[PDB]
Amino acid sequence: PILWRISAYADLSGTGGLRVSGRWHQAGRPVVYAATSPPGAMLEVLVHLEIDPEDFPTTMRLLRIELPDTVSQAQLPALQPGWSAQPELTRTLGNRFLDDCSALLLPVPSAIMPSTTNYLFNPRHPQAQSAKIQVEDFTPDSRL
């Protein structure tokens, strides 16, 4: 299907995970956080990074990622209530998905919206070469 990323970089290297941690990973692994919708990614970034729309960075880029439907994705274990406040658990699960190198994608639930699914993208997986990326520019009719 189609995934959406919001980041200063227009690649899928995800090298910042080698020295920066997140909710779904510990520093030292390359990783890319993506969403299923541009509003999804934008809302996640605005809420969790605490950015006001008047302070939205001008270096930020929206990247559309297209993958074939044959790609491999790993299933996340069932999550009991409280996981949104247990970063150790989510970081451990993401680290296990990344180091096992079993699949290219990991669907995870959103912590701010129900029925919303974000995705973990492992660039070290060999299927990360079939990704086609293009930047979708923010137009004056697409402001915040």
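Residue indices: 1-based, along the sequence shown.
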Checklist entry - In the PDB record, does 41 to 49 or 62 to 70 carry the higher mean Cα temperature factor? => result 62 to 70
Checklist entry - Can you tell me which stretch has the higher mean Cα B-factor, 126 to 134 or 12 to 20? => result 126 to 134
Item to check | From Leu93, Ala85, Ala78, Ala111, residue of greatest CA B-factor | outcome: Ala78
Next on the checklist: Using only modelled residues of the chain, where does the Cα B factor of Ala103 rank: lowest third, middle third or highest third?
Outcome noted: highest
